[PDB]
Amino acid sequence: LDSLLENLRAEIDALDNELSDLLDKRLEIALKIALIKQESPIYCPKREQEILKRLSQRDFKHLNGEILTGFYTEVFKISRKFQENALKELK
Amino acid sequence: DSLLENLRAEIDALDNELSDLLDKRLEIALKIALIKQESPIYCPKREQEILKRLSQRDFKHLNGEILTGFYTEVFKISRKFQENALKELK
Ligand SMILES: O=C(O)C(=O)C[C@]1(C(=O)O)C=C[C@@H](O)C=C1
């Protein structure tokens with residue numbers, strides 16, 4: 001019975017705090033990578049596709065390849081732009 | 001490189017968790033779809049409330065632009081998923 005809307009939405013909220021915090025940490029790592037490389041462009045397509053491949057093989061209730069592809073397309077965009085901007089300003 | 005290999009191992013650990021968290025967030029949205037079958041999926045007030053709330057938190061790098069991008073896609077994923085899950089009921 002604790003599945004009322006209030007409670008499910010608090011659970012979403014806890015998810016979103018963690019998801020946000022993890023995304024923040026993923027940008028800090030991407031910052032470190034940008035700095036040790038400083039490539040003209042940051043785009044490493046082989047690596048992106050390796051990430052997706054590996055994650056696709058894992059066991060999920062609801063995620064599949066379409067959902068991961070959409071999710072990570074945005075994640076990789078966010079990460080790429082962030083690294084670019086970091087390199088523009090620190091130079 | 002060497003440093004590079006380690007940073008990428010960390011990304012990998014991160015991405016395992018980020019995926020696991022997204023899968024759990026789909027499960028909860030599934031529960032929500034099911035307790036709310038007589039109503040629209042798109043709740044723009046709630047989406048805005050989520051972003052506002054998350055914008056208030058302390059981040060090293062995230063800002064409003066980055067969260068908006070991220071969650072636009074998260075909400076799209078969540079919306080489509082709920083639709084399709086409800087299509088599998090009678
Ligand atoms: O909280 C809800 O009402 C949901 O259905 C979940 C969610 C979300 O992904 O957070 C999904 C679709 C709506 O646009 C608003 C919120």
Side-chain angles (χ1 to χ4, degrees), chain A residues 1-28 30 48 51-52 54-82, chain B residues 11 13-37 39-57 59-90:
Chain A
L1 274 92
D2 263 349
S3 306
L4 298 121
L5 192 39
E6 286 86 340
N7 293 319
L8 293 170
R9 278 184 154 155
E11 287 210 38
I12 293 289
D13 287 353
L15 266 158
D16 287 336
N17 291 355
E18 291 192 65
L19 219 52
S20 291
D21 288 329
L22 282 183
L23 181 69
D24 203 44
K25 277 131 153 284
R26 194 194 202 284
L27 296 192
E28 160 75 8
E48 291 187 3
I51 290 176
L52 280 165
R54 179 185 75 75
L55 295 161
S56 288
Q57 302 148 356
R58 306 181 79 235
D59 247 83
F60 295 117
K61 293 198 83 183
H62 309 287
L63 294 191
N64 54 36
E66 278 182 51
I67 292 172
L68 281 159
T69 293
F71 190 64
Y72 271 96
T73 292
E74 181 60 21
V75 174
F76 294 143
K77 282 190 192 142
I78 284 167
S79 182
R80 241 185 269 125
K81 272 145 46 150
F82 168 69
Chain B
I11 289 291
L14 188 147
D15 285 339
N16 295 338
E17 295 179 77
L18 208 54
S19 305
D20 285 344
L21 284 182
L22 178 70
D23 203 36
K24 274 139 154 277
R25 192 195 198 277
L26 292 189
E27 163 75 7
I28 292 171
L30 177 56
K31 284 150 135 153
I32 288 167
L34 296 176
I35 65 161
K36 278 286 272 283
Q37 288 167 46
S39 98
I41 288 176
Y42 187 37
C43 195
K45 188 161 299 181
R46 173 69 179 155
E47 291 185 5
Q48 221 188 25
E49 284 166 346
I50 286 179
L51 278 171
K52 236 165 291 170
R53 183 187 73 78
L54 293 161
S55 293
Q56 296 153 1
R57 306 180 76 227
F59 296 119
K60 294 202 80 198
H61 309 288
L62 297 193
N63 52 37
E65 284 187 87
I66 293 169
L67 277 166
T68 296
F70 188 63
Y71 271 96
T72 295
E73 183 55 28
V74 172
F75 298 142
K76 278 193 193 149
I77 287 169
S78 180
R79 247 181 270 125
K80 269 147 51 148
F81 168 92
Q82 281 176 252
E83 304 268 322
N84 292 310
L86 286 182
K87 290 178 174 166
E88 308 247 71
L89 66 82
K90 62 180 68 180

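Counting convention: from 1, in listed order, for ligands and their atoms alike. Per chain, numbering begins at 1; letters A, B, ... match sequence-line order. The analysis underlying the following values was restricted to heavy atoms, covering all of them including side chains, and did not include hydrogens, waters or symmetry mates.
- Here B:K36 has no heavy atoms under 4.0 Å from ligand 1, in either its backbone or its side chain.
- Counting heavy atoms closer than 4.0 Å to ligand 1, residue B:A29 contributes nothing at all.
- Those atoms of ligand 1 with a heavy atom of B:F75 less than 4.0 angstrom away are 8 (C), 9 (O), 10 (O).
- The one candidate from B:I41, B:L34, B:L26 that meets the side chain to side chain contact (heavy atoms under 4.5 Å, CB included) condition with B:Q82 is B:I41.
- Close contacts between ligand 1 and B:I41 involve ligand atoms 12 (C), 13 (C), 14 (O) [criterion: under 4.0 Å to a heavy atom].
- Under 4.0 Å is where a charged nitrogen must lie from a carboxylate oxygen, and between B:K31 and B:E27 at least one such pair does.
- In this structure, B:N63 places its CG atom where more than 12 heavy-atom neighbours from other residues, nucleotides or ligands lie under 6.0 Å away.
- Nearest protein heavy-atom neighbour of atom 11 (C) of ligand 1: B:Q82 OE1, 3.2 Å.
- Separation of atoms CG (A:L52) and CD (A:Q57) is listed at 11.0 Å; rounding is to 0.5 Å.
- Considering backbone and side-chain atoms alike, B:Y42 places every N or O at 3.5 Å or more from each N or O of ligand 1.
- Under the 4.0 angstrom criterion for non-hydrogen atoms, B:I50 is in contact with ligand 1.
- The residues A:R80 and A:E48 are annotated as salt-bridged, a charged nitrogen and a carboxylate oxygen being separated by less than 4.0 angstrom.
- Not less than 6.0 angstrom separates the ring centroid of B:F75 from the ring centroid of B:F70.
- Summarising the local packing, NZ of B:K52 is surrounded by more than 12 heavy atoms from other residues, nucleotides or ligands at distances under 6.0 Å.
- Geometrically, ligand 1 and B:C43 share a nitrogen or oxygen pair separated by less than 3.5 Å.
- Distance from atom 1 (O) of ligand 1 to its nearest protein heavy atom, with residue and atom name: A:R9 NE, 3.0 Å.
- For atom 9 (O) of ligand 1, the closest heavy atom belonging to the protein is B:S78 OG, 2.8 Å.
- Here A:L8 has no heavy atoms under 4.0 Å from ligand 1, in either its backbone or its side chain.
- B:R46 CG, 3.9 Å is the protein heavy atom nearest to atom 16 (C) of ligand 1.
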